[PDB]
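Next comes input_34.cif, a file with mmCIF, N, CA and C atoms.
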```cif
data_entry
loop_
_atom_site.group_PDB
_atom_site.id
_atom_site.type_symbol
_atom_site.label_atom_id
_atom_site.label_comp_id
_atom_site.auth_asym_id
_atom_site.auth_seq_id
_atom_site.Cartn_x
_atom_site.Cartn_y
_atom_site.Cartn_z
ATOM 1 N N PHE X 1 37.402 -58.482 -65.490
ATOM 2 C CA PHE X 1 36.523 -59.611 -65.223
ATOM 3 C C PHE X 1 36.333 -60.442 -66.489
ATOM 4 N N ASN X 2 36.515 -61.760 -66.333
ATOM 5 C CA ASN X 2 36.570 -62.743 -67.424
ATOM 6 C C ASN X 2 37.612 -62.348 -68.468
ATOM 7 N N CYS X 3 38.730 -61.805 -67.986
ATOM 8 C CA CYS X 3 39.813 -61.284 -68.813
ATOM 9 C C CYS X 3 41.096 -61.891 -68.257
ATOM 10 N N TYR X 4 41.422 -63.093 -68.716
ATOM 11 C CA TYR X 4 42.537 -63.860 -68.183
ATOM 12 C C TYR X 4 43.784 -63.652 -69.028
ATOM 13 N N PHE X 5 44.941 -63.806 -68.391
ATOM 14 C CA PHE X 5 46.204 -63.828 -69.112
ATOM 15 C C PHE X 5 46.249 -65.044 -70.032
ATOM 16 N N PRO X 6 46.727 -64.898 -71.269
ATOM 17 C CA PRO X 6 46.763 -66.051 -72.181
ATOM 18 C C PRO X 6 47.784 -67.102 -71.784
ATOM 19 N N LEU X 7 48.828 -66.711 -71.062
ATOM 20 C CA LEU X 7 49.930 -67.594 -70.719
ATOM 21 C C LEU X 7 49.745 -68.133 -69.307
ATOM 22 N N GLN X 8 49.824 -69.457 -69.163
ATOM 23 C CA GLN X 8 49.595 -70.103 -67.876
ATOM 24 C C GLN X 8 50.735 -71.068 -67.587
ATOM 25 N N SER X 9 51.126 -71.157 -66.319
ATOM 26 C CA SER X 9 52.383 -71.794 -65.960
ATOM 27 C C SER X 9 52.248 -73.301 -65.790
ATOM 28 N N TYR X 10 53.380 -73.988 -65.924
ATOM 29 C CA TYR X 10 53.456 -75.404 -65.610
ATOM 30 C C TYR X 10 53.821 -75.612 -64.146
ATOM 31 N N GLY X 11 53.308 -76.703 -63.588
ATOM 32 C CA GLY X 11 53.692 -77.159 -62.266
ATOM 33 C C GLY X 11 54.784 -78.207 -62.319
ATOM 34 N N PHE X 12 55.886 -77.869 -62.981
ATOM 35 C CA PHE X 12 57.066 -78.730 -63.064
ATOM 36 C C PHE X 12 57.789 -78.766 -61.723
ATOM 37 N N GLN X 13 57.576 -79.846 -60.981
ATOM 38 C CA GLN X 13 58.373 -80.224 -59.828
ATOM 39 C C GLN X 13 58.641 -81.719 -59.906
ATOM 40 N N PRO X 14 59.759 -82.199 -59.343
ATOM 41 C CA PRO X 14 60.031 -83.648 -59.385
ATOM 42 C C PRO X 14 59.080 -84.483 -58.545
ATOM 43 N N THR X 15 58.361 -83.877 -57.605
ATOM 44 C CA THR X 15 57.428 -84.598 -56.754
ATOM 45 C C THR X 15 56.097 -84.886 -57.431
ATOM 46 N N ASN X 16 55.843 -84.310 -58.604
ATOM 47 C CA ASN X 16 54.639 -84.650 -59.342
ATOM 48 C C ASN X 16 54.743 -86.057 -59.919
ATOM 49 N N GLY X 17 53.583 -86.625 -60.221
ATOM 50 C CA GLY X 17 53.526 -87.955 -60.782
ATOM 51 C C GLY X 17 53.925 -87.987 -62.244
ATOM 52 N N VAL X 18 53.882 -89.200 -62.798
ATOM 53 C CA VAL X 18 54.233 -89.401 -64.196
ATOM 54 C C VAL X 18 53.161 -88.788 -65.086
ATOM 55 N N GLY X 19 53.599 -87.992 -66.060
ATOM 56 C CA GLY X 19 52.708 -87.225 -66.892
ATOM 57 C C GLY X 19 52.633 -85.756 -66.540
ATOM 58 N N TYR X 20 53.125 -85.369 -65.366
ATOM 59 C CA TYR X 20 53.167 -83.974 -64.955
ATOM 60 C C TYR X 20 54.582 -83.419 -64.912
ATOM 61 N N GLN X 21 55.498 -84.032 -65.624
ATOM 62 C CA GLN X 21 56.908 -83.720 -65.571
ATOM 63 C C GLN X 21 57.338 -82.952 -66.819
ATOM 64 N N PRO X 22 58.420 -82.169 -66.751
ATOM 65 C CA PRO X 22 58.918 -81.511 -67.965
ATOM 66 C C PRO X 22 59.477 -82.509 -68.958
ATOM 67 N N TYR X 23 59.031 -82.377 -70.201
ATOM 68 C CA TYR X 23 59.429 -83.271 -71.272
ATOM 69 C C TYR X 23 59.996 -82.420 -72.393
ATOM 70 N N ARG X 24 61.249 -82.673 -72.756
ATOM 71 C CA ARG X 24 61.877 -81.988 -73.870
ATOM 72 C C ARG X 24 61.558 -82.736 -75.153
ATOM 73 N N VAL X 25 60.919 -82.034 -76.082
ATOM 74 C CA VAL X 25 60.461 -82.592 -77.344
ATOM 75 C C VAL X 25 61.066 -81.769 -78.470
ATOM 76 N N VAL X 26 61.654 -82.453 -79.447
ATOM 77 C CA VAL X 26 62.166 -81.815 -80.653
ATOM 78 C C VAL X 26 61.452 -82.416 -81.864
ATOM 79 N N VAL X 27 61.100 -81.552 -82.812
ATOM 80 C CA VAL X 27 60.333 -81.918 -83.994
ATOM 81 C C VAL X 27 61.202 -81.670 -85.216
ATOM 82 N N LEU X 28 61.359 -82.693 -86.045
ATOM 83 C CA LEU X 28 62.133 -82.604 -87.273
ATOM 84 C C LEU X 28 61.188 -82.353 -88.438
ATOM 85 N N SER X 29 61.379 -81.230 -89.119
ATOM 86 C CA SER X 29 60.538 -80.813 -90.232
ATOM 87 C C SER X 29 61.387 -80.681 -91.486
ATOM 88 N N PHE X 30 62.232 -81.686 -91.688
ATOM 89 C CA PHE X 30 62.967 -81.873 -92.921
ATOM 90 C C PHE X 30 62.029 -82.146 -94.097
ATOM 91 N N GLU X 31 62.553 -81.943 -95.308
ATOM 92 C CA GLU X 31 61.729 -81.979 -96.508
ATOM 93 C C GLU X 31 62.434 -82.786 -97.595
ATOM 94 N N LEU X 32 61.634 -83.252 -98.555
ATOM 95 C CA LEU X 32 62.017 -84.245 -99.544
ATOM 96 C C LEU X 32 62.191 -83.666 -100.941
ATOM 97 N N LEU X 33 63.328 -84.021 -101.554
ATOM 98 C CA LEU X 33 63.518 -84.267 -102.995
ATOM 99 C C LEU X 33 62.931 -83.196 -103.925
ATOM 100 N N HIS X 34 62.987 -81.943 -103.486
ATOM 101 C CA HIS X 34 62.535 -80.862 -104.351
ATOM 102 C C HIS X 34 63.646 -79.897 -104.718
ATOM 103 N N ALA X 35 64.793 -79.977 -104.068
ATOM 104 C CA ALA X 35 65.967 -79.165 -104.333
ATOM 105 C C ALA X 35 67.154 -80.114 -104.313
ATOM 106 N N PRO X 36 68.337 -79.686 -104.846
ATOM 107 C CA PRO X 36 69.548 -80.507 -104.680
ATOM 108 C C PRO X 36 69.871 -80.798 -103.225
ATOM 109 N N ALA X 37 70.267 -82.041 -102.956
ATOM 110 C CA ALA X 37 70.434 -82.512 -101.590
ATOM 111 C C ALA X 37 71.603 -81.807 -100.918
ATOM 112 N N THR X 38 71.399 -81.450 -99.661
ATOM 113 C CA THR X 38 72.332 -80.586 -98.966
ATOM 114 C C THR X 38 73.025 -81.283 -97.807
ATOM 115 N N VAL X 39 72.281 -81.957 -96.937
ATOM 116 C CA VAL X 39 72.810 -83.016 -96.087
ATOM 117 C C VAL X 39 72.494 -84.329 -96.768
ATOM 118 N N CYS X 40 73.511 -85.160 -96.983
ATOM 119 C CA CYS X 40 73.190 -86.560 -97.195
ATOM 120 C C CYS X 40 73.727 -87.457 -96.091
ATOM 121 N N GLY X 41 75.039 -87.629 -95.976
ATOM 122 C CA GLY X 41 75.612 -88.490 -94.963
ATOM 123 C C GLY X 41 75.978 -89.943 -95.270
ATOM 124 N N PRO X 42 74.994 -90.844 -95.533
ATOM 125 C CA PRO X 42 75.283 -92.256 -95.247
ATOM 126 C C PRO X 42 76.016 -92.986 -96.371
ATOM 127 N N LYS X 43 77.332 -92.822 -96.410
ATOM 128 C CA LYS X 43 78.173 -93.577 -97.325
ATOM 129 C C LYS X 43 79.115 -94.430 -96.500
ATOM 130 N N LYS X 44 79.352 -95.659 -96.941
ATOM 131 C CA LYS X 44 80.398 -96.459 -96.332
ATOM 132 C C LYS X 44 81.222 -97.127 -97.419
ATOM 133 N N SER X 45 82.480 -97.379 -97.094
ATOM 134 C CA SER X 45 83.423 -97.983 -98.015
ATOM 135 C C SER X 45 84.158 -99.105 -97.304
ATOM 136 N N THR X 46 84.445 -100.170 -98.031
ATOM 137 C CA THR X 46 85.166 -101.286 -97.456
ATOM 138 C C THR X 46 86.640 -101.185 -97.833
ATOM 139 N N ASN X 47 87.419 -102.166 -97.397
ATOM 140 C CA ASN X 47 88.844 -102.182 -97.663
ATOM 141 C C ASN X 47 89.107 -102.561 -99.118
ATOM 142 N N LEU X 48 90.264 -102.138 -99.614
ATOM 143 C CA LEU X 48 90.666 -102.331 -100.998
ATOM 144 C C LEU X 48 91.321 -103.693 -101.173
ATOM 145 N N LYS E 1 78.357 -70.952 -115.392
ATOM 146 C CA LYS E 1 77.194 -71.625 -115.954
ATOM 147 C C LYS E 1 76.192 -71.933 -114.853
ATOM 148 N N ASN E 2 74.923 -72.017 -115.239
ATOM 149 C CA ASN E 2 73.860 -72.453 -114.334
ATOM 150 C C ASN E 2 73.053 -73.532 -115.036
ATOM 151 N N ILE E 3 73.119 -74.747 -114.511
ATOM 152 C CA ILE E 3 72.263 -75.829 -114.978
ATOM 153 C C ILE E 3 71.666 -76.557 -113.784
ATOM 154 N N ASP E 4 70.342 -76.784 -113.856
ATOM 155 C CA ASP E 4 69.500 -77.539 -112.904
ATOM 156 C C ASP E 4 69.800 -77.239 -111.434
ATOM 157 N N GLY E 5 69.912 -75.953 -111.120
ATOM 158 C CA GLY E 5 70.147 -75.520 -109.763
ATOM 159 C C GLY E 5 71.592 -75.503 -109.346
ATOM 160 N N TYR E 6 72.512 -75.544 -110.298
ATOM 161 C CA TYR E 6 73.931 -75.681 -110.028
ATOM 162 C C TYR E 6 74.701 -74.571 -110.719
ATOM 163 N N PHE E 7 75.527 -73.892 -109.933
ATOM 164 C CA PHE E 7 76.413 -72.842 -110.402
ATOM 165 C C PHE E 7 77.796 -73.433 -110.600
ATOM 166 N N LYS E 8 78.352 -73.206 -111.774
ATOM 167 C CA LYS E 8 79.631 -73.751 -112.174
ATOM 168 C C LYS E 8 80.590 -72.607 -112.459
ATOM 169 N N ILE E 9 81.672 -72.562 -111.684
ATOM 170 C CA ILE E 9 82.715 -71.558 -111.815
ATOM 171 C C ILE E 9 83.976 -72.266 -112.252
ATOM 172 N N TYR E 10 84.431 -71.949 -113.457
ATOM 173 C CA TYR E 10 85.560 -72.610 -114.083
ATOM 174 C C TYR E 10 86.581 -71.526 -114.387
ATOM 175 N N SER E 11 87.853 -71.765 -114.088
ATOM 176 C CA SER E 11 88.736 -70.610 -114.121
ATOM 177 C C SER E 11 90.174 -70.978 -114.437
ATOM 178 N N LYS E 12 90.994 -69.931 -114.527
ATOM 179 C CA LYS E 12 92.411 -70.011 -114.853
ATOM 180 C C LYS E 12 93.051 -68.666 -114.525
ATOM 181 N N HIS E 13 94.286 -68.701 -114.025
ATOM 182 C CA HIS E 13 95.078 -67.495 -113.823
ATOM 183 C C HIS E 13 96.354 -67.587 -114.647
ATOM 184 N N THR E 14 96.797 -66.450 -115.191
ATOM 185 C CA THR E 14 97.947 -66.430 -116.082
ATOM 186 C C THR E 14 98.797 -65.178 -115.891
ATOM 187 N N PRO E 15 100.121 -65.328 -115.786
ATOM 188 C CA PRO E 15 101.005 -64.160 -115.878
ATOM 189 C C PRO E 15 101.103 -63.658 -117.308
ATOM 190 N N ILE E 16 101.040 -62.340 -117.501
ATOM 191 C CA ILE E 16 100.900 -61.769 -118.832
ATOM 192 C C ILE E 16 101.619 -60.423 -118.894
ATOM 193 N N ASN E 17 102.014 -60.029 -120.111
ATOM 194 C CA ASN E 17 102.671 -58.745 -120.374
ATOM 195 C C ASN E 17 102.052 -58.138 -121.637
ATOM 196 N N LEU E 18 101.004 -57.334 -121.464
ATOM 197 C CA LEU E 18 100.333 -56.702 -122.594
ATOM 198 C C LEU E 18 99.804 -55.342 -122.162
ATOM 199 N N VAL E 19 99.666 -54.439 -123.134
ATOM 200 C CA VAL E 19 99.285 -53.060 -122.849
ATOM 201 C C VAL E 19 97.782 -52.901 -122.608
ATOM 202 N N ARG E 20 96.948 -53.109 -123.628
ATOM 203 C CA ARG E 20 95.532 -52.802 -123.494
ATOM 204 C C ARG E 20 94.696 -53.828 -124.249
ATOM 205 N N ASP E 21 95.212 -55.047 -124.382
ATOM 206 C CA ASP E 21 94.603 -56.014 -125.283
ATOM 207 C C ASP E 21 94.498 -57.361 -124.593
ATOM 208 N N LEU E 22 93.829 -58.280 -125.258
ATOM 209 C CA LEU E 22 93.823 -59.672 -124.834
ATOM 210 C C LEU E 22 94.666 -60.502 -125.796
ATOM 211 N N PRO E 23 95.446 -61.462 -125.304
ATOM 212 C CA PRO E 23 96.449 -62.113 -126.159
ATOM 213 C C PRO E 23 95.880 -63.168 -127.091
ATOM 214 N N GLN E 24 96.744 -63.716 -127.941
ATOM 215 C CA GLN E 24 96.413 -64.853 -128.788
ATOM 216 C C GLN E 24 97.161 -66.079 -128.294
ATOM 217 N N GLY E 25 96.436 -67.167 -128.105
ATOM 218 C CA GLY E 25 97.034 -68.384 -127.602
ATOM 219 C C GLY E 25 95.973 -69.314 -127.073
ATOM 220 N N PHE E 26 96.438 -70.446 -126.563
ATOM 221 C CA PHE E 26 95.555 -71.473 -126.042
ATOM 222 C C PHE E 26 95.700 -71.563 -124.536
ATOM 223 N N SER E 27 94.568 -71.675 -123.849
ATOM 224 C CA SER E 27 94.565 -71.887 -122.410
ATOM 225 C C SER E 27 93.268 -72.544 -121.977
ATOM 226 N N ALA E 28 93.363 -73.715 -121.364
ATOM 227 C CA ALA E 28 92.184 -74.405 -120.869
ATOM 228 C C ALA E 28 91.741 -73.794 -119.548
ATOM 229 N N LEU E 29 90.508 -74.093 -119.161
ATOM 230 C CA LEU E 29 89.998 -73.689 -117.861
ATOM 231 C C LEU E 29 89.738 -74.928 -117.024
ATOM 232 N N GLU E 30 90.395 -75.002 -115.878
ATOM 233 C CA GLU E 30 90.145 -76.077 -114.947
ATOM 234 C C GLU E 30 88.822 -75.849 -114.241
ATOM 235 N N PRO E 31 88.105 -76.916 -113.921
ATOM 236 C CA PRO E 31 86.916 -76.760 -113.091
ATOM 237 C C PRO E 31 87.323 -76.418 -111.675
ATOM 238 N N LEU E 32 86.604 -75.466 -111.097
ATOM 239 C CA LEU E 32 86.938 -75.045 -109.746
ATOM 240 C C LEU E 32 85.799 -75.252 -108.767
ATOM 241 N N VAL E 33 84.628 -74.659 -109.008
ATOM 242 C CA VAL E 33 83.588 -74.618 -107.986
ATOM 243 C C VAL E 33 82.262 -75.051 -108.597
ATOM 244 N N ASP E 34 81.560 -75.940 -107.893
ATOM 245 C CA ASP E 34 80.152 -76.201 -108.151
ATOM 246 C C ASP E 34 79.367 -75.867 -106.892
ATOM 247 N N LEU E 35 78.203 -75.257 -107.087
ATOM 248 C CA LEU E 35 77.301 -74.913 -106.004
ATOM 249 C C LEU E 35 75.900 -75.430 -106.293
ATOM 250 N N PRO E 36 75.298 -76.150 -105.356
ATOM 251 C CA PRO E 36 73.897 -76.594 -105.494
ATOM 252 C C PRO E 36 72.898 -75.580 -104.937
ATOM 253 N N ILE E 37 72.701 -74.484 -105.665
ATOM 254 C CA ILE E 37 71.932 -73.370 -105.116
ATOM 255 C C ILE E 37 70.439 -73.569 -105.345
ATOM 256 N N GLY E 38 70.016 -73.624 -106.602
ATOM 257 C CA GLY E 38 68.624 -73.889 -106.910
ATOM 258 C C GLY E 38 67.743 -72.683 -107.134
ATOM 259 N N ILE E 39 68.253 -71.612 -107.738
ATOM 260 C CA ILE E 39 67.488 -70.387 -107.927
ATOM 261 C C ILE E 39 67.533 -69.967 -109.394
ATOM 262 N N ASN E 40 66.667 -69.017 -109.743
ATOM 263 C CA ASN E 40 66.662 -68.433 -111.077
ATOM 264 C C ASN E 40 67.592 -67.229 -111.120
ATOM 265 N N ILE E 41 68.458 -67.187 -112.128
ATOM 266 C CA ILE E 41 69.428 -66.113 -112.299
ATOM 267 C C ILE E 41 69.254 -65.516 -113.683
ATOM 268 N N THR E 42 69.163 -64.190 -113.744
ATOM 269 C CA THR E 42 68.984 -63.483 -115.001
ATOM 270 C C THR E 42 70.034 -62.412 -115.268
ATOM 271 N N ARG E 43 70.403 -61.598 -114.283
ATOM 272 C CA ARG E 43 71.332 -60.500 -114.500
ATOM 273 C C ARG E 43 72.481 -60.621 -113.515
ATOM 274 N N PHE E 44 73.522 -59.824 -113.733
ATOM 275 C CA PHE E 44 74.658 -59.832 -112.822
ATOM 276 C C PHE E 44 75.374 -58.497 -112.933
ATOM 277 N N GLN E 45 76.356 -58.305 -112.055
ATOM 278 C CA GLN E 45 77.288 -57.187 -112.111
ATOM 279 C C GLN E 45 78.494 -57.538 -111.249
ATOM 280 N N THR E 46 79.672 -57.127 -111.707
ATOM 281 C CA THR E 46 80.907 -57.237 -110.948
ATOM 282 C C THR E 46 81.103 -56.034 -110.034
ATOM 283 N N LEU E 47 82.144 -56.102 -109.204
ATOM 284 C CA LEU E 47 82.422 -55.053 -108.230
ATOM 285 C C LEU E 47 83.864 -54.582 -108.336
ATOM 286 N N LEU E 48 84.074 -53.296 -108.074
ATOM 287 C CA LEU E 48 85.338 -52.610 -108.285
ATOM 288 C C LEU E 48 85.880 -52.064 -106.970
ATOM 289 N N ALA E 49 87.204 -51.965 -106.883
ATOM 290 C CA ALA E 49 87.850 -51.206 -105.819
ATOM 291 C C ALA E 49 88.071 -49.774 -106.284
#
```
Could you take the file, read its structure, and then write that structure out as structure tokens?
Amino acid sequence: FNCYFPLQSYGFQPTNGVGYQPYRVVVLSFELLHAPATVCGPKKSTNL
Amino acid sequence: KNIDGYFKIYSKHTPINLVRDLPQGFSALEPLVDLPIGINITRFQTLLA
């Protein structure tokens, strides 16, 4: 009694309205300028 | 070498004919590997077969 499961389910169905739908969210937690750069990427070169 | 978070491995291979000594002569070392690691290094050890 008054002892509920901590995990509760979503009502993900396509018939629900906007705001009740499954949303895939990704969070980027990249970090700055404290170690040698490991990914850089953006270089471009023109013709000779 | 280790400078500012970078490991530098510089090397050379040579064919040789000697008994138990190191020879006399000149040989440069070409740069081979740089690594951007970023850690403190104090001791080491090699490994044997």
For the interface of chain X with chain E (cut-off 8 Å, counting only C-alpha atoms), please tabulate each contacting residue of chain X alongside its nearest pair of atoms and their separation in Å to one decimal, rows sorted by chain and increasing number, as a tab-separated table.
```
residue	atom	partner	partner_atom	distance
X:35	CA	E:38	CA	6.4
X:36	CA	E:36	CA	5.9
X:37	CA	E:36	CA	7.9
X:38	CA	E:36	CA	7.8
```
- Starting from the displayed file, determine the output of the PyMOL selection byres ((chain E and resi 7-17) around 5) and express the residue list as a PyMOL selection string. chain E and resi 1-2+5-6+18-19+29-35
To test the calculation: enclose all listed atoms of range 24-27 of chain E in a box whose edges run along x, y and z, add 3 Å on each side, then state centre and edge lengths in Å to one decimal, as lines of an AutoDock Vina configuration file.
```
center_x = 95.2
center_y = -68.1
center_z = -125.4
size_x = 9.9
size_y = 14.8
size_z = 12.8
```
- Message: Between CA of residue 12 in chain X and atom C of residue 26 in chain X, what distance in Å does the model show, to one decimal?
- Response: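 These atoms are spaced 19.7 Å apart.
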- In Å to one decimal, how far is CA of residue 23 in chain X from CA of residue 9 in chain X?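 CA of residue 23 in chain X lies at a distance of 14.5 Å from CA of residue 9 in chain X.
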Apply DSSP to the backbone of this structure and, from chain E, keep only the residues in strand (DSSP E); write these as a compact mmCIF listing (two decimals) with N, CA and C atoms, keeping the file's coordinate frame.
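Listing of out17.txt after writing:
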```txt
# COMPACT_ATOMS: atom_id res chain seq x y z
N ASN E 2 74.92 -72.02 -115.24
CA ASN E 2 73.86 -72.45 -114.33
C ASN E 2 73.05 -73.53 -115.04
N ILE E 3 73.12 -74.75 -114.51
CA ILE E 3 72.26 -75.83 -114.98
C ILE E 3 71.67 -76.56 -113.78
N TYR E 6 72.51 -75.54 -110.30
CA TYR E 6 73.93 -75.68 -110.03
C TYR E 6 74.70 -74.57 -110.72
N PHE E 7 75.53 -73.89 -109.93
CA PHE E 7 76.41 -72.84 -110.40
C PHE E 7 77.80 -73.43 -110.60
N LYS E 8 78.35 -73.21 -111.77
CA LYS E 8 79.63 -73.75 -112.17
C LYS E 8 80.59 -72.61 -112.46
N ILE E 9 81.67 -72.56 -111.68
CA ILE E 9 82.72 -71.56 -111.82
C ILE E 9 83.98 -72.27 -112.25
N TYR E 10 84.43 -71.95 -113.46
CA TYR E 10 85.56 -72.61 -114.08
C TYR E 10 86.58 -71.53 -114.39
N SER E 11 87.85 -71.76 -114.09
CA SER E 11 88.74 -70.61 -114.12
C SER E 11 90.17 -70.98 -114.44
N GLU E 30 90.40 -75.00 -115.88
CA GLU E 30 90.14 -76.08 -114.95
C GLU E 30 88.82 -75.85 -114.24
N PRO E 31 88.10 -76.92 -113.92
CA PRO E 31 86.92 -76.76 -113.09
C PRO E 31 87.32 -76.42 -111.68
N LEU E 32 86.60 -75.47 -111.10
CA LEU E 32 86.94 -75.04 -109.75
C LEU E 32 85.80 -75.25 -108.77
N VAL E 33 84.63 -74.66 -109.01
CA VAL E 33 83.59 -74.62 -107.99
C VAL E 33 82.26 -75.05 -108.60
N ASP E 34 81.56 -75.94 -107.89
CA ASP E 34 80.15 -76.20 -108.15
C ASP E 34 79.37 -75.87 -106.89
N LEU E 35 78.20 -75.26 -107.09
CA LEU E 35 77.30 -74.91 -106.00
C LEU E 35 75.90 -75.43 -106.29
N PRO E 36 75.30 -76.15 -105.36
CA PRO E 36 73.90 -76.59 -105.49
C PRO E 36 72.90 -75.58 -104.94
```
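The gap separating atom N of residue 40 in chain E from atom C of residue 31 in chain X is 18.8 Å, in Å to one decimal.
Those residues returned by the PyMOL selection byres (((chain X and resi 11 and name CA) around 9) and name CA) for this file are residues 9, 10, 12, 13, 16, 20, 21 and 22 of chain X.
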